[PDB]
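Inspection log for the structure reproduced underneath, given as C-alpha cells.
Atom set for the values below is all heavy atoms of this structure, side chains included, hydrogens, waters and symmetry mates excluded. Throughout, numbering of the chain's residues begins at 1 and tracks the sequence. Counting starts at 1 for both ligands and their atoms, in listed order.
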Amino acid sequence: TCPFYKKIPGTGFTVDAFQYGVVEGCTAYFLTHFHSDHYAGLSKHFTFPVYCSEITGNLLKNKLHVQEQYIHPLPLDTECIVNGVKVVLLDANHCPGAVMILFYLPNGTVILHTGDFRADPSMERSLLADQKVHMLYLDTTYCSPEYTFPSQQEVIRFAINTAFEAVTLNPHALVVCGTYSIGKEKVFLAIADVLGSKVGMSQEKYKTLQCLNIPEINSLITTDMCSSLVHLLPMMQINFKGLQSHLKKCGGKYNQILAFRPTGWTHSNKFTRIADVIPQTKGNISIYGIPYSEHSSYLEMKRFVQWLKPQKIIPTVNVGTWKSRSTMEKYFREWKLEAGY
Ligand code: NI
C-alpha cells in the first residue's frame with residue numbers, strides 16, 4: 001500500500017509510486033527519474049498514464065518497453081495542464097532526465113516535490129522565484145551536518161588530472177570506471193576527453209546512454225572495447241579480483257589499471273580533503289573512491305530551504321526510523337528560527 005508522502009493531496013496524482021499495484025483514486029502517475037527505487041513496478045504491461053521528462057520517457061520505452069500510448073513526456077520550464085491541474089517540471093540537478101514537479105492546486109495551495117536533487121543557487125532563478133510554496137516534499141538523503149563533500153567540478157578536476165598523469169607516465173595503462181545506474185556520466189566522459197579516447201562499454205550500457213540526449217554522444221562512446229582505453233564496468237566488478245580478471249581479457253594490450261568508484265559520501269569525507277585522496281593498491285591495480293554526489297550536501301539543502309521558506313516540509317528519504325525523523329525535524333526548526341519564516 002502506497003505511503004502518504006507519495007500522494008499529492010487535492011489531486012488524483014502520485015509520485016514515484018509504481019510498486020503498490022493500482023493505487024485507489026490515482027488518475028496520473030508521475031515519475032521524477034529513471035532510478036530503480038523510483039520506477040520499481042513499471043513494465044510493458046503498465047496501462048495507466050505516466051508523466052515524465054523526454055529523457056525519462058526514452059528510457060521507459062527502450063529499456064522497460066512501456067508502450068508509447070501510455071508515455072506522456074513534458075517539456076521543462078513550461079506550464080502544462082494535466083487532468084485539470086497546472087504543473088511545471090524543473091531540472092533537479094540529479095541524473096539525466098531527473099525533474100522536480102511544481103503542482104498548482106485548484107484551491108490555491110502550491111506544492112514542490114523535489115524528487116531526488118542536488119540543490120544549487122541557480123534554482124533560486126527558475127520559475128520558483130515567481131510565487132510562494134506552501135508544502136515541500138524534500139530529498140533528505142544527506143540531512144545531517146556531517147555530510148560534507150566537494151563540488152562536482154573539484155571532483156572532476158581531481159579525476160582528469162589523476163588519469164592524465166597516470167597514462168602519460170604509462171601509455172600501456174587502462175582506466176576503468178564503475179557504474180550501476182544512469183547518473184555521474186561526467187566522470188567517464190571527462191576522463192576519456194582528456195585522454196583522446198572513446199569510452200568502451202557493453203551493448204546494454206551503450207543502449208542506455210543512447211536514450212539520454214547527450215550532444216555528440218556518437219563521438220564519445222563505443223561498444224568496441226579494444227579500441228578504447230577508458231572502460232566502463234558494473235560497480236560490483238570494481239575490486240582487485242574483478243579487475244585482475246578484466247586485465248586478462250584485453251590480451252596483454254595493457255599492464256596496469258587505474259579504476260574509479262564514484263560513491264556518494266563515505267566517512268573518509270570527515271577527515272580527508274579531495275586534494276589528499278589516495279587509492280587502494282595491489283600490484284599493478286589501483287582503486288580510487290571519489291565523492292561525486294548527485295544529492296544535496298547538508299549546507300546546500302539548508303540554503304535552498306531557507307531561501308524557499310516553505311510552510312510545511314515532508315521528507316521523502318530516511319523516513320523509516322524514529323531517530324531519523326526526529327533528527328530531521330530538529331534541523332527544520334533550527335533553519336526556520338535562524339531565517340525567521
Ligand atoms: Ni535517484
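- Around the Ni ion (ligand 1), the protein N, O or S atoms found under 2.8 Å comprise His33 NE2, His35 ND1, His94 NE2, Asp116 OD2.
- Only one option out of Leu169, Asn161, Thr162 pairs with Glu165 in a side-chain contact (heavy atoms from CB on, under 4.5 Å); it is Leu169.
- Of the charged side-chain nitrogens involved, none lies within less than 4.0 Å of a carboxylate oxygen, so that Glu294 and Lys184 do not count as a salt-bridged pair.
- Evaluated for a side chain to side chain donor-acceptor pair (under 3.5 Å) with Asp139, the options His113, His295, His94 yield exactly one hit, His295.
- Every residue meeting the salt bridge (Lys or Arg N to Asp or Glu O under 4.0 Å) condition with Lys61, not counting sequence neighbours, appears here in chain and number order: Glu68.
- Between the side chains of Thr281 and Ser286, at least one donor N or O sits under 3.5 Å from an acceptor N or O.
- Checking each of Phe117, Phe149, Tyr298, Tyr331 against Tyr142 for a ring pair (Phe, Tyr, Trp, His ring centres under 6.0 Å) leaves exactly one that passes, namely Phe149.
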